[PDB]
Amino acid sequence: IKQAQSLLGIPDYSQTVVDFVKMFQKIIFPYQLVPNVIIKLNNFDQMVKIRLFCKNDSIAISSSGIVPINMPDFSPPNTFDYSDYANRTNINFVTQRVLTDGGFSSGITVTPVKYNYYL
Amino acid sequence: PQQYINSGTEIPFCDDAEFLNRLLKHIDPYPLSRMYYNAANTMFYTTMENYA
Amino acid sequence: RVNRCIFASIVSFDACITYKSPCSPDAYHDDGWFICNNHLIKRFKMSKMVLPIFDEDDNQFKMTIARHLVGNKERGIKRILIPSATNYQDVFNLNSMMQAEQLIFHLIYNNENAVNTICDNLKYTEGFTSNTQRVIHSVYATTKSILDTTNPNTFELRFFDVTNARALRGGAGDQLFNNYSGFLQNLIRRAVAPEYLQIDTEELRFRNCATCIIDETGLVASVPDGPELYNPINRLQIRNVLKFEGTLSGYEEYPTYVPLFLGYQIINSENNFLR
Amino acid sequence: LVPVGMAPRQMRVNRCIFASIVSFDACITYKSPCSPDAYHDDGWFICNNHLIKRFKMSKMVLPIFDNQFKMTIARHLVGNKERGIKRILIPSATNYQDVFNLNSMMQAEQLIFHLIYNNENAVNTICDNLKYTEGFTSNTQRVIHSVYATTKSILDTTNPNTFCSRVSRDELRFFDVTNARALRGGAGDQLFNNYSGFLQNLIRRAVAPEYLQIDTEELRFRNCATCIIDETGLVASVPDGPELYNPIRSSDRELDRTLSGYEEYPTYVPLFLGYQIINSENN
Amino acid sequence: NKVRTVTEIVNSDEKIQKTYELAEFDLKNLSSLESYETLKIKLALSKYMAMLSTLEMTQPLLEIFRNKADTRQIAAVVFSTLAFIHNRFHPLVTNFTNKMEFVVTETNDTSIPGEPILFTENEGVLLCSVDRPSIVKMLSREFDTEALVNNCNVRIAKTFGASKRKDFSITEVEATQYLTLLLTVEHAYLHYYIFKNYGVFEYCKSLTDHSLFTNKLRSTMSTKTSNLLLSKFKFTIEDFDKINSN
Amino acid sequence: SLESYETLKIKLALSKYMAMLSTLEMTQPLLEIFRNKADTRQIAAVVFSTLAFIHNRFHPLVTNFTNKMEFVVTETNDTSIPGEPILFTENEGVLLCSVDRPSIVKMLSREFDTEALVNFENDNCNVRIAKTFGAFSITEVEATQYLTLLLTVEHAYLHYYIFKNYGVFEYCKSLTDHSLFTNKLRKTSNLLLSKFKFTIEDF
Amino acid sequence: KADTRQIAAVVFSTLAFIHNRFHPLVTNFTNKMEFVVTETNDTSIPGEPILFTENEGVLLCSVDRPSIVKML
Ligand SMILES: [Zn+2]
């Protein structure tokens, strides 16, 4: 949290951790995304997954994304077929294109995007 | 030339003798014989590859 | 090779302290200055310069002049160049400088009480009688000799507050100039150029308006009115590496300086006196 | 780069505060004299050289015991004939400005003193004057910030532990004349409280107690007090009468024929004052 | 080999003769020299690492050389190494005078085998050519951190005489990387020295045959300058004679 | 010993040239001055002062010297003559001094074999050990550069003296053939060119 | 090693004894001498465990304590 505040230029004595975290509640629901700060805090506690929703909400925001309420954190494995792009040929093609276009030689990594219950 | 420096300049030598001592300690258990062998053979094999 | 580098006659009487004295060579120049360029810059924010007057064939009148080292934002103490005896102790952070330098300043301003206080304090140094008193004697004698040399009363018609149009009345800058020590007065004469120079009923104007100000606080790099004049100024690193190898360049540059221009110099029937 | 990302390295650290003294005039090079003792990770946060120079005090060890515990202790460098202000071994916050000649020493050391002694007004005055003095921005500002940061780091290391010791139950110390039937002792504890946390730590490291009760055993190192504390601070004065003779044999034939190799009692005057109590060893 | 000493009193003829085998002192001397040379080389390597740190580049060396985009850091590292070697030969030199150009080749048809770092003037100033792919390949080749390298009598004597003692990202692998880079830049520096002090034709001839290095360098190096890093050991190609016959 | 005294005299002459340089009071070393083409006035002043110094040495009894001279710093190859970086032409009564700044810069920039060569010297390890038990500067390279420039201007000044004493015709003929001053000293003694010899052999 | 004073006194007394023997008629002897007990190899000379240098008027006596210990 201190590193995040310093990066944002927030004086530590000025900002309290609770308020710092609450800052992203404006993002939680409207963008239907879990703030990275909350994700990292949950990971720290785990070393010592996330899920939430709103009143009357039909779906739950989770670290994995959108999930139907009361459903498991992951949809059935065969829900989506990624073979079209989730394949070595496509991955290598995209990575090589990126390397060429950016004139790079290292530090480049492309990953197929998987999808939970919803796209 | 992709890039260049101007004339003169100055080699940026380190100054922290304590830092130098720490590095020396960190490298003491490394056998110079093994490091030399590895480096020489690395260069030799890369040259071999280039030639071939 | 007489070293007139006042403020280089400073000896770190403290054993643990070593005084580099890294000051300008020109002290060995038998000029009207009694303080060479680096001391001048450090302790008065002035840079030595020369202003030629007649330079045609062999008439080479080259009046000396120093330059402001004060920007257009400094004010009050920050802007005062040569403080008066009433405020020099405040303008200068005497406590932040070596006691020998403090003694030099006190002698220059005739602060004999401060001189006595400093020597009394030095009385209680560990090697006081051994070498502290010797250092005191050396520094004091050198400073006193310089001051006597500067003072003309020892063994001409330059007026500094007489230029100021729009002033209510009074002048008195010349009054304070008189109140100054011989060394300070000679420094002012040497560094400040009268805006006007009259020779045997022949007036030359060098500026359309004086640049310096003199008042009770002392000499100030202020303007007679309006805002202040604009006065701007290896360890190989990663950033020091330059990228690939690859607008009035053809014209000379007028200095963005603020030379000390203030006063009127009157010269009697004497001709182009070049001795 | 070589080192792991961040990964604070571990090395020795000079501990005496005065080691940070440097000439604000970058064009003037200066080296402060530091005794090598400064590099010992001990309770002392002042080196022998600075201690003797400024406080007139010299470090010393007192063996204590089966297991030989070594208790830190300082000793007088004050001569017998010194009087008045000379007797102030450690000036109080109300007198240090006078006892220490701020004018005669460097601005950095003056700041160090105004930090040790909790003089925020003087610290601020020095900071502002340096802001408006010399090429502050170029390097003088960074040098001043470095010195201030070092001093503040030392003080932040010391003060929390000092406060915990103050409120501590197991370890108790009372800087006064154990001879309550005396007048030169006074509210020594109150004066010690008046002192700063770091100054309190220094006093603890320097002045040994006249008595020491460990659990149930009490050891009496003296039948008398070798120093006192008043409003002026730590005073190298005998609470009951004539000053103790301090030969100062160093630093600032038949007799020997008989007195060949022969045990000799030192003439030093260690600091013994007050009562100390402890539970268990905590060592 | 051996020596002997005779003690005798002036007035008496009873003399005592003792014999010494110099092998012991030979072992002492050899151990001392080996330790001294090891210390010197490790000091130089640590100094090199420290100055590279002083440059304060976030990434490690291999990552730097892999990042083709950031030619700035590659040039900085190469020049710093070259200047360090130059000073190691001329300790009084702390700069390189004439400005230096740098280019980073990227293809085999642009690289020259056996000289990853080379020099060529544009008729006004010297340009250093760098084979970044080759540098990356060398520093990426897997290193052996396990096997040891090597008279049995003196070997045993040293074994029984000498003793042994049982927060930096550096492992022996990274130390090896740094040493390899230093040696490569040293080779390039020797080429450049011959160039500067004997003309471009001599430089080309040296490139063709390094043997000229012998005279062109030993005239000044072995006398006034610290010995070459490679001087620490005698190197040889396994089965050199049969390979030559091949 | 004696030869050491003559060495001391030669080094004193170099030191006098150093005093002349300090009198000129150049911020930069002559190498940088010559490298900087814009410093045309500095280059001309350096050359003129060196020539006057050499004139005073060659004619100790004569302190006079041409107090004004036309100067031209040349840069192009076609504006220079191999083996004569400095030239003294006349533009119909006007005395022009041409300077080959690129050649000067090249000579100065050439690496010198200071360390490379080993030469005999006062070397007594006993004295060194005894000393050990009893216990603004110029480098060798800078001194070499400075000597090179002084000798270059000495050659130029000799050609100039031929020009003035004999005429432009003989000056050109001297440029063609330098045999006139194989004898040299025959005044000249104060010229370093008369202190040593240099030769070239087929090989 | 901590017995630096003892080592220096031993050396000085031995030197005075040898001086008296070598000059029986002379009882005088330098009554003060600077002493330095050396330990590092670079601070010693083979074949001369004891040395007498001068630090510009100051007479220094260097001692090779490790060599003395080895011989003994
Ligand atoms: Zn210290």
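About the criteria used
Residues numbered from 1 in each chain as written, not as in the entry; some residues may be left out. Chains lettered and ligands numbered in written order. Part of a larger assembly, values for the part shown. Heavy atoms only, no water. Pairing = 2+ DSSP bridges. Helix = DSSP H or I, 4+ residues; strand = E, 2+ residues; numbered from the N terminus. Axes fitted to C-alpha atoms, helices over the stretch in contact; angles between N-to-C directions. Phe/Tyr/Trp six-rings, centres within 6.5 Å; stacked < 30°, edge-to-face > 60°. Buried < 20%, exposed > 50% of the residue type's maximum accessible area, 1.4 Å probe, protein only. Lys NZ or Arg CZ within 6 Å of the ring centre and 35° of its normal. Contact = heavy atoms within 4.5 Å. Buried area = accessible area lost by both parts, 1.4 Å probe. Salt bridge = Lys/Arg side-chain N within 4 Å of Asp/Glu carboxyl O. Polar contact = N/O pair within 3.5 Å; in protein donor to acceptor, adjacent residues only side chain to side chain. Nonpolar A, V, L, I, M, F, W, Y, C, P; charged D, E, K, R; others polar.

In terms of determination method and resolution, the entry is listed under cryo-EM at 5.2 Å.

As annotated in the PDB entry, chain G carries the name Occlusion-derived virus envelope protein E27 and is attributed to Autographa californica nucleopolyhedrovirus. Listed in the archive, the entry goes by the title "AcMNPV complete basal cap".

Looking at the PDB entry, chain A carries the name Protein AC109, with the source organism given as Autographa californica nucleopolyhedrovirus.

Enquirer: I would appreciate a short explanation of the sheet that holds strand 3 (residues 100-105) of chain E in the present structure.
Expert: Two orientations exist for strands paired in a sheet by backbone hydrogen bonds: parallel and antiparallel. Read from one edge of the open sheet, 4 strands run 1(B)-3(E)-5(E)-4(E), paired in mixed fashion. At either margin of the open sheet sits one strand with a lone partner, and together these are strand 1 (3-5) of chain B together with strand 4 (117-121) of chain E. Each strand axis lies, on average, 25 degrees off the axis of its neighbour in the sheet, ignoring direction. Both strand 4 of chain E and strand 5 (residues 126-131) of chain E contribute to a ladder of 5 bridges, which runs antiparallel.

Enquirer: In this structure, what is going on with the pairing of strand 2 (residues 50-54) of chain G? I would like to understand it.
Expert: One face of the sheet, then the other: side chains in a regular strand alternate in exactly this way. All names here are of chain G. As paired strands, strand 2 and strand 3 (residues 59-64) are joined by 5 bridges and run antiparallel to one another. The partner of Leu51 across the bridge, within strand 3, is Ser62. The antiparallel hairpin formed by strand 2 and strand 3 contains 4 residues in its connecting segment, where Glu56 sits at a positive phi of about 60 degrees.

Enquirer: For this particular structure, what's the right way to read the packing of aromatic side chains?
Expert: The geometry of an aromatic ring pair comes down to the distance between the two centres and the angle between the two planes. One pass over the full model with this rule turns up 42 aromatic pairs over all chains. Relative to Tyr189 of chain E, the ring of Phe89 of chain E lies with its centre 5.2 Å away and its plane at 90 degrees, an arrangement referred to as edge-to-face. Accessibility classification places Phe89 of chain E together with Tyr189 of chain E in one group, the buried group. A centroid spacing of 6.4 Å and a plane angle of 85 degrees characterise the contact between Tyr161 of chain F and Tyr166 of chain F, whose relative ring orientation is edge-to-face. One aromatic cluster is present, built from ring pairs that chain together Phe79, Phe89, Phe96, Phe102, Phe119, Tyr189, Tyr192 and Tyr193 of chain E. When the ring centre of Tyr198 of chain E is taken as reference, the NZ or CZ atom of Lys216 of chain E above it lies at 3.8 Å.

Enquirer: Can you walk me through the interface of chain B and chain E in this structure?
Expert: One widely used convention gives an interface's size as the accessible area the parts lose upon coming together. Listed as interface residues are 43 residues of chain B and, on the opposing side, 61 residues of chain E. With both chains or domains summed, chain B and chain E bury close to 4,900 Å², and 67% of this area falls on carbon and sulfur atoms. Counting the contacts that link chain B with chain E gives 4 salt bridges. Here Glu49 of chain B and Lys137 of chain E are joined by a salt bridge, their closest N and O atoms 3.0 Å apart. Counting across the chain B and chain E interface gives 28 residue pairs in polar contact. When residues of the side of chain B that touches chain E are traced back to their parent elements, those giving at least two are strand 1, helix 1 (17-27) and helix 2 (32-51) of chain B. Take the side of chain B that touches chain E: its biggest share by element is 18 residues, from helix 2 of chain B. Of the residues that constitute the side of chain B that touches chain E, the class distribution is 24 nonpolar, 14 polar and 5 charged.

Enquirer: Help me understand the pattern of salt bridges in this model?
Expert: One side chain can pair with another of opposite charge once the charged atoms of both are near each other. Following the criterion strictly, the structure yields 43 salt bridges over all chains and no others. A salt bridge links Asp225 of chain C to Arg166 of chain C; the nearest nitrogen and oxygen atoms lie 2.6 Å apart. Taken as a pair, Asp225 of chain C in the loop between strand 8 (218-220) and strand 9 (264-267) and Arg166 of chain C in the loop between strand 4 (158-159) and helix 6 (173-179) lie far apart in primary sequence, 59 residues in all. Residue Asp225 of chain C is classed as partly exposed on the basis of its relative accessible area, which comes to 38%. Two residues, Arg88 of chain E and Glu186 of chain E, come together in a salt bridge whose shortest N-O distance is 3.9 Å. Pair check on accessibility: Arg88 of chain E and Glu186 of chain E agree, each one buried. Three or more residues are tied together by salt bridges with common partners; here these are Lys49, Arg51 and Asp73 of chain A.

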